[PDB]
Structures are given as C-alpha cells and as structure tokens.
There are 4 protein chains.
Amino acid sequence: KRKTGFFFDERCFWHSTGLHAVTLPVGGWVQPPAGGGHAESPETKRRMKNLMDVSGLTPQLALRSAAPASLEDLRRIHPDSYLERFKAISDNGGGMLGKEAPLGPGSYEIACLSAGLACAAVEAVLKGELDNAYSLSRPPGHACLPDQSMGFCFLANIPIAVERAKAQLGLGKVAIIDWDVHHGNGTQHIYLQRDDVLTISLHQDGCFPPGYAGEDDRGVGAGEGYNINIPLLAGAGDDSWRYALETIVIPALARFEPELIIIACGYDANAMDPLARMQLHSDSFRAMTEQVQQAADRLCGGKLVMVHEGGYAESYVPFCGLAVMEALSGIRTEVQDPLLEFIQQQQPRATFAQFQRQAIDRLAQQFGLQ
Amino acid sequence: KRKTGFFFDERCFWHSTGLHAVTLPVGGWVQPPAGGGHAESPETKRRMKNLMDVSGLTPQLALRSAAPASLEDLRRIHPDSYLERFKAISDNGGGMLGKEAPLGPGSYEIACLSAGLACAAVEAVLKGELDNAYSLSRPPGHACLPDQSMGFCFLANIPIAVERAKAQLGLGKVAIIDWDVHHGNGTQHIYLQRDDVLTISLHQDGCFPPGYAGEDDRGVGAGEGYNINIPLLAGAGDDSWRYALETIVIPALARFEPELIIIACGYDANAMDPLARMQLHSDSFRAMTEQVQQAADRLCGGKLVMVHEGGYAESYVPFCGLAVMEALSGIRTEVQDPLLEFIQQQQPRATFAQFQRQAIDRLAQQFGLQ
Amino acid sequence: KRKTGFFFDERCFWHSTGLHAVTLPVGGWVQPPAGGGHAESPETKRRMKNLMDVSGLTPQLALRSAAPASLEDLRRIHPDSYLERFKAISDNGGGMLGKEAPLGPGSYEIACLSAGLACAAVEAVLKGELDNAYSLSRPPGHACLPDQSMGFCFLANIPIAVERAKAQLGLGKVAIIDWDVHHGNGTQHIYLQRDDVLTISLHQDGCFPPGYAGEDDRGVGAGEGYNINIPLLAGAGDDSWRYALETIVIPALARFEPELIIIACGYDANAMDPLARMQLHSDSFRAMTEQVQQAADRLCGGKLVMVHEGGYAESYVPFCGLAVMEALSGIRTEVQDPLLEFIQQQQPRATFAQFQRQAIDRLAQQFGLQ
Amino acid sequence: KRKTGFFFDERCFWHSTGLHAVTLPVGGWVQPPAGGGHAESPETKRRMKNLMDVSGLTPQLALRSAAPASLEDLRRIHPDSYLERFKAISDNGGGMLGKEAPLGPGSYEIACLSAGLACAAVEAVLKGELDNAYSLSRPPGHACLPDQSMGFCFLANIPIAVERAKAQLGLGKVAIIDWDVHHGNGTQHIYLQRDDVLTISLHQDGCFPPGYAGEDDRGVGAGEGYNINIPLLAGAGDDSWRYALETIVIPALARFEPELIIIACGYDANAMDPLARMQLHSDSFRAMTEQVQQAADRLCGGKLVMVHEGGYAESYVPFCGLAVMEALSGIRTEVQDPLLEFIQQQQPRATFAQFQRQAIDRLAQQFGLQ
Ligand SMILES: [K+]
Ligand SMILES: [K+]
Ligand SMILES: [K+]
Ligand SMILES: [K+]
Ligand SMILES: [K+]
Ligand SMILES: [K+]
Ligand SMILES: [K+]
Ligand SMILES: [K+]
Ligand SMILES: [Zn+2]
Ligand SMILES: [Zn+2]
Ligand SMILES: [Zn+2]
Ligand SMILES: [Zn+2]
Ligand SMILES: [Zn+2]
Ligand SMILES: [Zn+2]
Ligand SMILES: [Zn+2]
Ligand SMILES: [Zn+2]
C-alpha cells in the first residue's frame with residue numbers, strides 16, 4: 001500500500017507576525033496579551049507533527065523538506081513590485097504590507113520555503129515517487145492575491161506549485177478543492193479566466209473575506225463553469241460538510257476529469273476554532289480525506305496532494321490533522337480523539353441538517369450536477 | 001440617572017484549574033501547552049475590567065466587593081457532603097471533583113467570594129442602594145448542580161444570592177434570564193418544581209450540556225410553565241438573539257411580573273468564542289442589556305442584576321462586557337469595538353435569519369406567548 | 001503614623017515592546033517564543049499590585065494617578081528632536097529608536113503618564129500632603145539619556161519629576177539613590193556637572209551598561225564629589241547590599257543634607273532575576289527601605305519618594321515590592337515570602353562576604369567617608 | 001572525523017509538572033501565572049533541538065531514540081517502594097511525591113524513557129558504534145536520590161546508565177563530571193562509598209541543595225578520595241569555570257584513569273538563568289566541552305557521553321547547547337551567539353577573577369592535585 005510523503009521544515013515554525021491579541025493588533029483599546037496571543041501560531045501546526053511523532057505514524061511516512069520556491073517560481077503568479085515590497089518588510093524586521101497584513105524578520109525566505117514544500121509535494125506525486133503527499137506549508141497561501149497579502153497569507157502556495165508543474169512537467173487539468181473554512185479567494189482569483197484548473201471552495205457563508213458567499217461567481221470567459229463556491233451555513237457540522245462533498249464536489253470532479261487533485265486543507269472548520277463557527281471533528285476530516293482519495297483513485301491514478309492552510313484551535317487541530325494523515329497514509333494509530341464523542345453530541349439536529357442538505361441540493365442543481 | 005454597582009474582587013482572578021490545553025486536561029495524547037492554555041482563564045475577565053478602567057468608565061460606577069457567602073448561604077442550595085468534598089480538594093491543592101471538574105488550592109474560599117458578590121449585588125439593588133448592578137463573579141455558577149460541579153462552576157452563584165434574598169429580605173417573584181451561550185442547567189434544576197422563580201435560557205442547541213436542547217422541558221408540579229428553554233441554532237447571530245428576546249423573553253417577563261430581573265450574563269455567544277458557534281458582537285450584548293433594562297423599568301422599578309458567567313475569547317469578550325456595562329450604566333465611553341463592522345458583515349444571510357425567526361415563532365406559540 | 005501614597009495607573013501596564021525572547025528580539029537565530037517572552041512584561045509590575053490588593057495593604061494607602069508630564073516637563077531634560085522621534089515611532093505602531101530600543105503603539109503617551117506619576121509623587125510629598133510615596137512608573141526611566149533611549153527606558157522619569165519640583169516648588173538639594181541592580185547611567189549623566197543633586201548608584205559590576213563599573217567617575221566641574229558609584233560584585237547578597245548602604249550611602253546622605261530623598265527602586269537584584277546575578281530577598285529590600293526611611297527621618301522631615309525601575313522575576317518581584325511597601329507604609333500584612341528562607345540559605349559564605357565588605361570599605365575611604 | 005550520536009525523543013517534551021509560577025507552586029500568596037510559568041519547561045530543551053535543525057547541524061549527527069530503561073535497570077539504583085509510589089502518582093495524573101516534587105500524568109513512562117536515552121548513549125559509545133554522544137534526557141536526573149525525588153528529577157538517569165553498563169558490558173572505572181550549576185547531590189550519594197566511579201561537581205556555593213558547599217565531603221570507606229566538590233562563588237563566569245576545569249577536573253581525570261567520561265551537562269550556569277547567579281556564555285560551554293573531549297582523547301579512546309540536566313533560560317540555553325554539540329561533533333555551523341559579546345563584557349573584573357582562582361588553587365592543593 002501507500003507511500004505517502006510529508007513535506008515539512010522546522011523553519012516554517014519560525015515565521016512570526018508580531019504582537020497580536022488573537023486576531024487583533026495590539027494598541028488603542030486592545031490591551032497587550034499576557035498569553036502568547038496570535039491565532040496563526042506555530043503551535044497549531046507543531047502540535048500536529050508532535051502528535052504524529054508520539055502516535056508512531058511519522059516513521060511510516062516519507063519525510064521530506066524542499067528547496068524554497070525560486071524567484072522564477074514566484075513570478076508565474078506574483079508581480080515584482082509585490083514580491084519586492086514583501087521582501088523589503090521582511091528585511092526590515094516588520095513594518096506592515098497594506099491593510100491588516102503583518103510579518104516578521106525573514107518571513108520572505110520562510111514563505112518561499114513554505115511554497116517550495118507545496119511545489120515538491122506536487123512534483124513527487126506527479127512523477128510517481130509518491131502515491132500521495134501532504135505539505136505542512138506555513139505560512140498558508142489560499143487567501144493570497146497576486147499583488148496583495150491577505151488572511152495571514154503572503155504567497156500563493158498552491159498556484160505557485162501548479163504553475164511550476166504546468167511549466168516543467170506538462171501538468172494538464174487539475175482540480176483544487178478547498179475545505180479550509182474560509183473562501184479560497186486567492187486561488188479563485190488566479191484561475192478565474194481559466195478552464196484548465198477547477199477551483200472549488202467549501203466555506204462558511206460570509207466569514208472570510210467577510211460578507212462574501214460567492215455561489216453565483218462561476219468564472220469568466222473560458223473559465224466560466226470552472227469555479228464552484230459552496231457557502232455553508234455557519235453552524236453546520238459533519239453531516240452537512242460530507243453531504244456537500246458527495247452531492248457537489250466529487251460529481252464535479254467526475255465531470256471535469258483532472259490529472260491531479262489538490263486539497264487546500266484547513267482545519268478551521270473544527271468545532272473549537274475561534275476563527276469560524278463550524279462543528280467538524282477529527283472523523284469529519286477523516287471522511288473527507290477518504291472521499292477525495294477515492295475520487296483520486298477512480299480519476300487520476302490516486303494522485304492526491306494536500307496542502308495545509310488554516311486551523312486555529314491549538315488543542316484540537318492536531319487530532320484533526322492526525323486523522324487526515326491516517327486516512328491519507330492508510331495507517332491507523334492507537335490515538336482516539338478525546339473530544340470526538342462530545343462534538344458528535346453537539347451536532348445540529350435534523351431540522352437544520354435537512355435545511356442545509358436542501359440548500360446544497362439547490363446548488364448542485366444550479367451548477368448542473370443534479 | 002443611574003447608580004450602577006460593579007461588584008468585583010482581585011481574589012476571583014486567583015482561582016486556578018491546573019493544566020489544560022484549552023478545554024482538554026493534559027496527558028495521554030494531549031500535549032502540554034507552551035501557551036497558558038485553559039479557556040476559563042482569569043485573563044478573559046480581567047481584560048474586561050482593565051478596559052473599563054482605561055475607557056474612563058470605572059470611576060463613574062459604584063465599585064464594591066463583598067463578604068463571601070456564609071456556610072448557611074451555601075446550604076440553602078448545596079448539601080454538606082458536596083460542600084465538604086469541594087472544600088477538601090481545595091484544601092489539598094487539587095485532586096478532581098468527579099467527571100471533568102478540576103480546581104486549585106483555595107478555590108473553595110474564592111468560590112464562596114464569587115457567590116458573595118452575587119449575593120451583595122442582589123441585596124444592594126433590592127434595598128434601593130443601587131438602581132442596578134453587575135457582579136464579576138468568577139468562578140461562574142450557572143451549570144453547578146446542588147451536588148455536582150459542572151462546566152467550570154462549583155457553587156450556584158445566582159440561586160445562592162436569590163435564596164438569601166428570599167430568606168432575609170422577603171424577595172417574591174424573580175426572573176432569571178440566561179444568555180450565556182450554554183444551557184443554564186444548574187438554575188433550571190434548582191427551580192424546576194417552583195413557580196416563584198422564572199428561569200429562561202437562550203442557548204446553543206446541543207452545546208453544553210452536550211446534546212441537550214430542552215424546548216419541551218417546561219417544569220414539574222407547581223413549576224410547570226415556569227421554565228423556558230430557547231435552543232438557538234448554532235451559527236445564529238445578532239438578528240436571531242434579539243428576535244428571541246423580543247418575541248419570547250420580554251413577553252414572558254410581562255406575563256410573570258417579577259420583583260427582580262437577574263441576568264446570567266455570559267459572553268460566550270460572541271463571534272470569536274472557542275466554546276460555541278454563535279456570531280454576536282458588542283452591539284448585540286448592548287441591545288440585549290437595553291431590552292432587559294427596559295422590561296425592568298416597566299415591571300420592577302428598574303431593578304436589574306447581572307452576574308457574569310462564561311466567555312472565552314480573551315481579545316473580544318472585553319469589548320462585549322464594556323458594551324454591557326455602558327448600557328447598564330447609561331454611560332457611553334469613547335471606545336469603538338474594532339471588530340464590530342467585521343462581525344456585522346459575517347452575519348447569516350436572510351435565508352437562515354428567516355428560518356431561525358420561524359423557529360422562534362413556533363416556540364413562542366408553543367409557550368403560549370404568540 | 002504614615003500617610004503613604006501609591007501612584008499607579010492601569011495604562012502603564014498597556015505599554016508594549018513587541019516580540020522578544022526574554023531580552024532578545026525575534027529573528028535570525030532567535031526562534032519566536034511560544035510563551036509570552038519579553039522580560040519587561042506588564043506582569044512583573046501588575047503582580048505586585050495584585051498581591052498588595054489580596055494582602056489587604058492597598059486600602060490602607062493613598063492611591064492616586066496623575067496627569068501625564070507636560071511637553072514642557074519633558075523639555076527640561078530632553079531635546080525636541082528626541083521627543084519628536086519617539087513620538088513618531090509611537091504614532092506608527094513600532095519601528096525602533098536606534099540600537100536596541102523598541103516600543104509599541106501609544107508608548108509615547110504612556111511614557112508621559114509614567115513620568116507624571118513620578119512628578120506627582122514628588123510634589124505630594126514635598127507639599128506635605130503625604131509623608132512618603134511610591135510610584136509604579138512603567139516604563140522605567142533610570143537608563144534614559146536626554147537624547148537616547150536605553151535599557152527599556154524612554155523618558156527620564158526621576159529627573160523630569162525633580163526639575164519640575166525645582167521649577168515650580170523651589171526644591172533645593174535632593175539625593176537620588178539607585179538600588180536597581182543596573183547602573184543609573186541616565187540619572188548620572190543628567191546631573192554630572194551639578195552639586196544640587198547627589199546621585200548614588202549601587203549596581204552589579206559590568207552588568208548594564210555592560211562593562212561599566214564607574215567607581216572613579218565622581219562628577220565634573222561643580223558636580224565633582226556629587227556622583228557616587230558602588231560596583232558590587234556579581235553574586236553578592238543581603239549582607240553586602242546592606243553593608244554598602246550603611247557604610248557608604250547613608251553617610252553620604254548625612255554629609256550632603258538633602259531636602260528630599262528619592263529611591264530609584266528596581267528589584268532586579270532579587271535572587272531569581274534573569275537580568276542580573278545578585279542574591280537579594282524580600283527582607284533585603286525591606287531593610288534597605290528602612291535604612292533610607294530612617295535617614296529621611298533624621299535629615300529631611302521623613303520626605304522619601306520611591307520610583308519603580310527594573311525587576312524581571314515574575315513570581316518573586318511581587319514579594320519584594322510588597323515588603324518595600326510594607327516598610328514604607330509602616331504596615332505589616334500576613335504575607336510570608338515563601339522563598340525567604342530558601343534564598344537566605346543560598347547567601348555567599350563568609351569568605352566572599354568579607355571580601356565584599358573590604359571592597360566597600362576601600363570605596364568609602366576613596367569617597368572620603370571612612 | 002566524528003560520529004556523534006544525539007539521543008532524543010518527542011515524548012520527553014510531553015512530561016509536565018502542573019501549575020507553577022517559575023519555581024513556585026500556585027496558591028496561597030502565589031498568583032497563577034498568565035504566562036506559561038514553570039522553569040523546567042519543555043521549551044528550554046526543544047529550542048535547543050530546533051536551533052540545531054535550522055543551523056544545519058542535526059542532519060550531520062547520528063539521531064537516535066531508545067527503548068525506555070527496564071524495571072530491572074531502575075532497580076539497580078532505586079528501591080521498589082519509591083518506584084511504585086512515583087508510578088502511582090503518574091497513574092493518577094498528579095498528587096505530589098513528598099516535599100517540593102510534582103509530576104504529571106504519564107511522567108513515569110517518560111522518565112523511564114529519559115533514562116533509557118542515557119543508557120543507550122552510554123552503550124553505543126562503549127561498543128564503538130559512536131565516537132561520542134549526547135542525550136537530551138528530560139526529565140533530568142542528577143539530583144534524584146534512590147528513594148527521593150528532588151530538583152525536578154525523578155530517576156537517576158546517569159547512575160542507571162552506568163550500572164547497566166557495569167552489568168551488561170563489563171564497564172570498569174568511569175568519571176562523571178557535573179557542570180550543571182547545582183550540586184550533583186544524587187550522583188554523589190549513589191557513589192559515595194565506591195572507588196570505581198569518580199564523581200566531580202562544579203556548582204554554585206549554596207545554591208541547590210540550598211546551603212550546601214561540599215568541599216570537605218570526599219567520600220566514605222573505599223570511596224574516600226573518589227568524590228570531588230568545587231563550590232564556585234556565585235557571580236563567577238568564564239575565567240573561573242575554565243580555570244576550575246583545568247586546575248582541578250582534568251588533573252583529577254589524569255590521576256584516576258577512567259574507561260569513560262560522562263558529563264552531567266546542565267546549562268543553568270549561563271548568564272541569564274533565573275535558577276543561579278553564574279555568568280557563562282556559549283563559548284564557555286564550548287571550551288569546557290573541548291577540555292573534556294581532549295582529556296577523553298588522552299585517557300579513554302575519545303569515549304565521552306554527555307547527558308542533559310538543567311538550564312532555564314529559554315532564549316539563551318539553545319545557543320549554549322548548540323555550542324556544546326558543535327564542540328562535541330567537531331562541526332561549526334554559521335550561528336553566532338547574539339549575546340556572546342554582551343556577556344563577555346559583563347564578566348567579573350580581575351580582583352574577583354583572582355580571588356576565585358586563589359580559592360580553586362587551595363582546593364586543588366586540598367585534593368592533592370597541586
Ligand atoms: K474553503
Ligand atoms: K478556474
Ligand atoms: K443560556
Ligand atoms: K422555575
Ligand atoms: K543602580
Ligand atoms: K550630581
Ligand atoms: K554541578
Ligand atoms: K565515588
Ligand atoms: Zn482559514
Ligand atoms: Zn457526527
Ligand atoms: Zn457558557
Ligand atoms: Zn449585525
Ligand atoms: Zn535594572
Ligand atoms: Zn540573609
Ligand atoms: Zn541545575
Ligand atoms: Zn569571556
């Protein structure tokens with residue numbers, strides 16, 4: 001069975017964003033935290049890898065790092081003025097990169113590394129070195145616009161990997177499925193006019209970017225039909241998210257026929273996340289990984305790459321990423337998620353569950369899938 | 001205008017619950033936090049008072065502490081075996097108090113103090129020393145059963161205050177309205193068979209206690225009709241919570257005619273809370289405080305007491321408690337909640353908002369109010 | 001007995017210095033802290049006041065805040081270009097203020113406030129409103145040069161207070177005694193050429209500024225003889241520090257005859273401090289406060305002002321500041337310093353103690369006091 | 001050149017000691033920390049390994065874990081009643097293990113693992129698999145008595161490794177050199193009556209155990225002459241510690257002729273440590289490692305094992321352990337310790353340096369080495 005790669009580097013846990021009280025910059029009426037405030041902490045991601053190690057999983061994966069993405073890699077997506085300006089703050093120690101977007105010293109080099117991990121994960125899977133692969137890419141990428149940092153993201157990790165594979169390995173169609181709980185606004189924008197990449201985003205209605213739902217934004221020119229947004233109702237849990245995958249996402253894969261499936265894998269839809277209002281647990285992420293691995297098996301030789309995005313519950317995200325790596329690798333450790341049964345009990349009752357399914361039905365109909 | 005009391009003591013910020021990774025005890029597969037993990041931190045509550053101070057509000061309130069609740073106060077609600085056992089862990093340093101319930105050294109004396117603050121707040125308002133009053137009671141109370149600690153609560157702060165007022169000041173009918181996002185399971189239980197206290201709970205369907213909704217639990221014997229549960233759908237925000245107050249809660253007050261309204265005032269329905277999935281902001285809590293103050297004005301001489309319960313978003317709860325104290329005191333500081341506009345944009349769209357209103361309509365009909 | 005003022009403001013705990021791993025800025029080879037790294041935390045100072053409150057001491061003191069120091073106050077010490085530049089970083093959020101000196105948003109206004117507390121403490125004591133007084137001035141002042149921030153200090157808190165008293169209340173001679181464990185380099189510099197202020201500094205040989213001892217730096221022109229440095233050997237404890245006070249400091253007061261004694265009161269000579277290597281405990285600071293209060297009683301009507309400087313042991317400094325406030329107020333709470341006996345056992349044996357005394361003897365002889 | 005082993009396991013960073021304000025248990029007058037208080041944090045040790053990784057050093061070492069020490073391994077040093085009692089608290093979650101000694105859930109299994117790492121490090125070097133070796137053994141061992149936990153230590157890591165090597169690999173004489181800044185009281189006690197292990201301890205006079213210096217404690221019966229204590233004066237720095245090694249320690253090795261040298265390698269003599277008052281920097285530890293490696297080269301085939309003990313400066317210990325691993329491996333990374341020059345300037349002047357040398361001279365004479 002499965003040779004699964006896990007692309008990670010200690011340096012990615014060193015990127016800092018300065019002083020934050022959870023999401024809020026310090027000053028004015030925001031008192032400095034006595035804690036280690038700032039949701040996008042290394043700890044969310046490190047805890048995952050630590051739990052992989054202690055669970056026994058890590059030795060059974062193909063561990064790898066990567067060379068950082070080259071200047072030329074970056075330029076397939078981002079214009080120089082943007083790259084130069086992000087490099088210039090990095091080389092200061094700090095400043096700010098336009099409205100709500102702060103880094104720290106050496107964030108440039110670390111963001112290039114984060115994007116490189118994604119690049120290498122894509123390549124190893126495409127070449128048949130690995131059956132599938134995960135990339136613990138920090139900082140994340142899915143909100144980054146070509147010319148504007150957004151949502152803790154500074155480079156477009158997945159698009160950079162994809163355009164590199166398109167240029168150096170003749171990658172054809174590719175589907176990017178984004179189950180981070182925020183909209184994949186950066187991916188969507190980059191591929192809006194293109195029919196060669198299907199971009200699909202499951203997200204919390206109105207969460208981030210705020211007030212954006214997106215269901216009627218289908219793509220432009222040749223790209224029309226090749227973008228799919230699924231604005232799930234805040235509050236939704238396991239039944240809704242899996243219904244959405246099975247009723248919309250997988251059929252959408254079946255129709256488009258990718259050579260490769262990429263997950264934008266955020267865990268911030270988990271039931272304890274401060275940055276959204278969804279009720280997923282470890283088994284939810286386990287199942288979704290199953291659904292996309294199996295589609296990948298039917299459609300593109302099992303070729304699945306997952307790239308870490310968001311996730312801000314420091315105690316709970318590790319149980320979710322473990323489950324993901326377990327489904328992805330085919331290997332089951334002894335860890336039992338200590339909150340699984342508690343979150344199962346918290347799930348919306350049938351009235352909501354049916355309302356949400358109805359809504360997902362109307363979207364599948366709207367997108368020509370039902 | 002308003003002489004508003006604010007009952008607080010430094011000692012309440014000293015109660016500790018040991019080593020937690022947010023909600024999870026440390027050990028097994030739960031790695032020790034490098035942060036200061038444990039949601040029920042002093043910081044959530046201290047930050048509120050700190051922001052009151054820097055905003056200029058604090059000097060314009062009547063600040064008070066209190067003698068702790070007496071043994072005899074405690075015994076109106078709790079049996080000795082329970083009190084003795086909680087005292088015995090407190091006097092050890094720690095142990096545990098049955099399934100998921102941990103304290104620290106001296107938590108007994110501090111819980112007695114927390115309950116005393118609530119007692120004194122009730123009395124000062126009843127005697128006409130104060131128009132209204134808030135009690136920064138930590139640890140909280142609303143989940144505590146007579147004989148079982150639950151949900152970070154060790155004593156039944158509000159019932160202890162109420163039965164003390166019933167015995168020493170001839171308090172008659174009283175309504176307790178609980179807008180902490182978890183069920184007021186402890187209040188409900190204590191007053192289940194009684195017609196002299198109306199207990200009303202707005203809470204997230206199935207959140208805590210897990211899997212409990214409660215709409216058909218109306219009370220027993222004489223107490224039938226005198227308990228009201230409102231299980232709001234996870235995901236709901238400002239429109240829903242205020243609709244619920246106006247369509248169910250206030251009419252329910254109007255019908256029952258209390259001599260006193262007490263809020264169980266949790267802030268964990270705020271949009272960034274890790275311990276629930278609701279989307280309230282500072283203006284939401286401001287409005288709800290307005291609605292209950294005005295009912296209090298019409299029905300019981302303006303006599304409103306608020307007692308702090310839950311709230312786990314360290315950066316955002318202070319803006320919410322400020323707003324509450326501002327509505328309660330009648331005084332508006334210069335602070336503008338820096339997330340207000342962002343959370344407003346995140347609010348559920350009209351499809352959900354109408355579904356939730358419909359559900360609230362059917363409950364008002366079920367409870368004989370519409 | 002004693003009307004003791006305690007000048008403090010919540011705003012002083014809001015000044016931030018950004019992301020630090022204890023003393024080290026983040027980046028390069030310095031990994032971001034998962035803790036709340038940065039020695040100059042609010043917590044060191046807040047913990048002191050919290051322990052005063054819970055000990056029962058606080059209600060028995062005259063609590064006060066202050067108007068911030070005026071622009072004109074600041075200009076008696078600092079040139080405009082320096083003030084304008086510090087104001088400009090404050091109004092950015094951050095930058096940096098030359099070699100190793102970082103602030104946060106609104107640090108300007110908070111530093112003005114910190115200095116105002118010292119100003120008001122000096123005035124209240126001088127006017128006979130208060131017998132004596134403490135100022136919890138954060139950020140500290142004693143390392144600040146007129147035109148350069150240094151050692152976490154941005155304004156010269158004590159000199160600003162003194163020159164304001166000199167200009168508005170005809171203050172004559174004043175002695176400033178600095179038992180912060182670092183050199184009072186800022187005070188020394190401001191008063192180097194002046195005979196009207198005696199500046200005395202007890203400090204760790206070579207600690208901060210690094211490699212500075214200072215014994216032969218006595219003052220310039222009229223100021224010659226009116227500066228006294230006492231470079232204590234790293235490692236020294238209670239016996240040494242009290243010997244130094246009694247053999248050098250108090251006699252030096254006796255000779256100069258001040259109208260006022262001011263302590264630069266740092267606690268970083270405590271035995272657990274990461275920022276020096278001295279072995280003082282709570283009773284050490286208690287005794288030193290006694291020695292200077294009694295000199296003040298003999299020489300200037302009991303007029304003693306203490307102004308908080310350094311101190312970086314978060315768990316231990318509060319016990320030390322409590323002891324100080326207890327000696328200063330004349331009031332003994334029930335708190336017993338839980339480390340007192342342990343640190344007493346750690347004290348240097350007689351060989352060192354005698355070597356240190358010898359060294360202090362040779363300095364008293366050198367300064368014409370023995 | 002050198003095949004250097006580095007024995008570490010993620011599980012050792014999971015051992016917890018509950019709620020501490022640096023060294024102080026929470027309760028009474030000790031306020032709960034808002035930080036992550038408790039000096040013996042995982043972070044001190046993790047930061048070292050993280051910096052090894054980012055510096056490029058780690059891939060050039062032989063990384064290994066180990067099976068935990070067996071029950072039988074443990075019993076060569078510890079009696080069952082002690083083992084059973086420590087196991088019983090571990091299996092509770094917590095309690096306490098006599099006067100000032102707290103663990104957490106699963107500390108037993110993790111302490112066995114920590115001791116196993118030391119066992120395996122000793123064996124690999126003895127068998128000629130590795131030239132030398134380091135063991136990141138957490139929790140530490142050097143203060144543990146057979147029947148009493150002490151100083152954050154629960155098992156006697158180094159003695160357990162040594163007696164296992166004595167029983168399974170015919171290990172003869174061995175020298176244990178302890179440059180943790182606290183006395184090696186546990187090692188000393190275990191080997192007090194024995195001539196086959198030389199135990200040498202450099203430590204801060206009176207620090208821990210408190211009030212113990214130890215110079216005249218030489219050993220009992222056959223063990224007389226085979227224990228050496230060097231009580232350095234609090235305050236001492238690089239010149240003193242290296243003088244002590246060269247004038248006492250190395251000659252003492254030369255005389256005894258071990259088959260193996262073991263360092264008890266604590267970093268708490270570093271200049272920023274809250275738990276002692278010494279002024280060492282990264283180059284200090286680098287040099288000491290050089291001196292003992294070279295003795296090892298002359299005397300026992302280069303066979304040197306180092307086992308991690310104490311070290312509580314979270315930002316500075318990593319630079320020190322890096323330097324150690326660099327000297328031990330023979331490999332120099334690009335990292336420059338950003339505090340090296342600052343701490344060099346802080347070093348005691350010549351008067352102290354000469355006083356300390358004199359004291360070390362008199363000890364070498366007393367021990368028959370000069
Ligand atoms: K998404
Ligand atoms: K597209
Ligand atoms: K409720
Ligand atoms: K009732
Ligand atoms: K000083
Ligand atoms: K002078
Ligand atoms: K030692
Ligand atoms: K021996
Ligand atoms: Zn996200
Ligand atoms: Zn479920
Ligand atoms: Zn709650
Ligand atoms: Zn709204
Ligand atoms: Zn200082
Ligand atoms: Zn002493
Ligand atoms: Zn040590
Ligand atoms: Zn040096």
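For ligands, and for the atoms within them, numbers begin at 1 and follow the listed sequence. Chain letters run A, B, ... following the sequence lines, proteins first, then strands; residues in each count from 1. Computed over heavy atoms, backbone and side chain alike; hydrogens, waters and symmetry mates excluded.
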task: Please state whether the rings of C:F208 and D:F342 are parallel, tilted or perpendicular, taking 30° and 60° as the class boundaries.
output: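 Judged by the thresholds at 30° and 60°, the geometry between C:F208 and D:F342 is tilted.
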message: With a cut-off of 3.4 Å, does A:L198 put an N/O/S atom close enough to the K ion (ligand 2)?
response: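 Looking at A:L198, which is the residue asked about, there is no N, O or S atom under 3.4 Å from the K ion (ligand 2).
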message: Restricting to N/O/S atoms, is A:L192 within less than 3.4 Å of the K ion (ligand 2) or not?
response: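 Within the cut-off used here (under 3.4 Å), A:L192 places no N, O or S atom near the K ion (ligand 2).
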message: With respect to the Zn ion (ligand 13), please indicate if C:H142 possesses an N, O or S atom at a distance under 2.8 Å.
response: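 No, C:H142 does not qualify, because none of its backbone or side-chain N, O or S atoms lies under 2.8 Å.
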message: Can you tell me if, anywhere in C:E309, an N/O/S atom lies at a distance from the Zn ion (ligand 13) that is smaller than 2.8 Å?
response: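 No, since none of the N, O or S atoms of C:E309 sits under 2.8 Å from the Zn ion (ligand 13).
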task: Quick one: report the N, O or S atom of C:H182 that is nearest to the Zn ion (ligand 13).
output: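 Looking at C:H182, the N, O or S atom with the least distance to the Zn ion (ligand 13) is ND1.
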Check ion pair A:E259-A:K303 (N to O, under 4.0 angstrom):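 Salt bridge between A:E259 and A:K303, a charged N being under 4.0 Å from a carboxylate O: no.
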query: Is there a side-chain contact between C:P42 and C:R138 (heavy atoms, below 4.5 Å)?
result: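 Yes, at least one pair of side-chain atoms sits under 4.5 Å.
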- request: May I have the angle between A:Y226 O and A:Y191 O with its vertex at the K ion (ligand 2), rounded to 10°?
  value: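 About 150°, to the nearest ten degrees.
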query: Hey, what's the angle at the K ion (ligand 2) spanning O (A:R194) and O (A:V197), nearest 10 degrees?
result: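 It rounds to 90°.
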- prompt: Can you tell me if A:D216 and A:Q366 form a side-chain donor-acceptor pair at under 3.5 Å?
  reply: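 Looking only at side-chain atoms, A:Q366 and A:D216 do form a donor-acceptor pair, the distance falling under 3.5 Å.
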- prompt: Hey, are A:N229 and A:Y212 close enough side-chain-wise for a donor-acceptor pair under 3.5 Å?
  reply: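 Side-chain D/A pair, A:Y212 to A:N229: present.
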- request: Could you tell me whether the side chain of C:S114 and the main chain of C:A111 form a donor-acceptor pair under 3.5 Å?
  value: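 A pair under 3.5 Å: no.
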field: the Zn ion (ligand 13): angle it makes with OD2 (C:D268) and OD2 (C:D180), nearest 10 degrees
entry: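 It comes to 90°.
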